[PDB]
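Shown below, as structure tokens, is a lone chain in the form deposited in one PDB entry; questions about how it binds or moves come after it.
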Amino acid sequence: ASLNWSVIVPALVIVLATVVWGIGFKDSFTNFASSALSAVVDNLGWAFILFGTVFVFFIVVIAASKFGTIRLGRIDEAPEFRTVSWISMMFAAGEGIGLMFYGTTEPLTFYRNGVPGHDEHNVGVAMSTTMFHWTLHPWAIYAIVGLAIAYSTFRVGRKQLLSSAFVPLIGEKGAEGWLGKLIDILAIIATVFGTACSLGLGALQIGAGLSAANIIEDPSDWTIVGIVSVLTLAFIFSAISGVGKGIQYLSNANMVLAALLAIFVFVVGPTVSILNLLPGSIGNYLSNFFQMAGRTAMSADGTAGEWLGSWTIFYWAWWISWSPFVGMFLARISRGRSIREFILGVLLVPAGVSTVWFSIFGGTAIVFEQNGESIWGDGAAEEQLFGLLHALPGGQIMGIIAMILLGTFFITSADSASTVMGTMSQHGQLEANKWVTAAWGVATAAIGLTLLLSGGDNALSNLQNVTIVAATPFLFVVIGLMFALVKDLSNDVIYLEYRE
């Protein structure tokens, strides 16, 4: 039960500096994030865009190559979980607060405003651009990290860490040396800022959903939502035990409430129009896939840079930062799975759920816009969902259910991430200290709250700007994780049985 204090102190110190900086110096912190956002988006936006699509190609090649047959674990090892059970668990890997936050807003803004290189009121571009940010690019990054940890821990028996995946390139001297520790420090920092963004989005949307109950104010979002969801629920469940019996119950509530919320909009909404957006979004996603993969700051005659920072480069930075958690989560539930089957399940099942989600919620909002009724309202992204729900019969009750669903994603997402952060701080130990897991949840919630407070009126922008800067160092870890992964697969397994 040793603690990697050399990995805790660096990653921890950076968090407190961000929390201290964003509270007493909101102006200075806001300026730096805006300034740093500009430097990263200009000088490295190509790197996010270029390597975003390299990940999709790289993981498809790996699945279709000889490496697909490799089995994550002992040869002829039965998977620990059934296929249907394994499929049902990836839903806990999904981004339930981002899907709820951007379920209506994203396809609606693309429809209302258009995207660079396209005109307004284009349904296919609206749905295809949303599927770009949510289906394959996010889950190619998670597959790469999940595959690297799965192979290292199961097929090679190495420590469950991000640095253990780099043993092929830097060996054990680097993995336990300065470079290995740096890779593990950047993984914790990325997870804190990747998770903090979702917690901040959820707190923002719950605050908008409470408009029916109370008027919104800074303290309502600041203390009430933040402290209540982080304290009464996250700490208590974690402190009581590693498996508090609440996270398993709440993980069920996330599945049940999400399905009921989708079914209510699907049934009570424009059912036929939603079913039209199923093949419409998949077809237009595949048609425009490379047209959006090649959209850079020089697209639209050079005017695409501002849009990309808000939408595409933010999502790429967000996915890159969530990779250490989602990679660890997918690795755990995929022992004994083949590489080809692991990639196919991870790539396609989450893509199918995101497609259906945005068709129901994105399609319903677009249908309203077409008919004249606009749920746009003022335009804030945190109240588009509750505008959509209030526009259907029974919306008041389901609007309350959406608030409860967000609350259970806040606790579930914090507990799932804090568990991985504890593993990285205990030399890859599967069962981590209750206090260590609690502390990482507090820090992540403190970061997500500080981003909201510092931003003020532009709370969402400060949330997005900080995530891009925090995910930049780990973009190069994922790139080097592709080279390490090929060396690992090519070195051990091939020579094991057939070649030698």
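Shifts are known only where both forms have a C-alpha. From 1 onward, residues are counted along the sequence shown. We call the rigid core whatever largest set of C-alpha positions still superposes within 1.5 Å between the two forms.
Below, we refer to the form deposited in another entry, which is not included among the displayed structures.
- After superposition on the rigid core, the single residue among 113, 214, 287, 83 whose C-alpha moves by 2 Å or more between the shown form and the other one is 214.
- If you fit the rigid core between the shown form and the other one, you'll see the Cα of residue 7 move by less than 2 angstroms.
- Figure legend: C-alpha atoms of residue 217 and residue 22, shown here, are separated by at least 3 angstroms more in the other entry.
- Put simply, residue 192 and residue 218 spread apart in the other entry: their C-alpha atoms are 3 Å or more farther than in the form shown.
- Shifted segments between the shown form and the other one, defined as at least 3 consecutive common residues whose CA atoms all move 2 Å or more after rigid-core fitting, lie at 212-218, 493-500.
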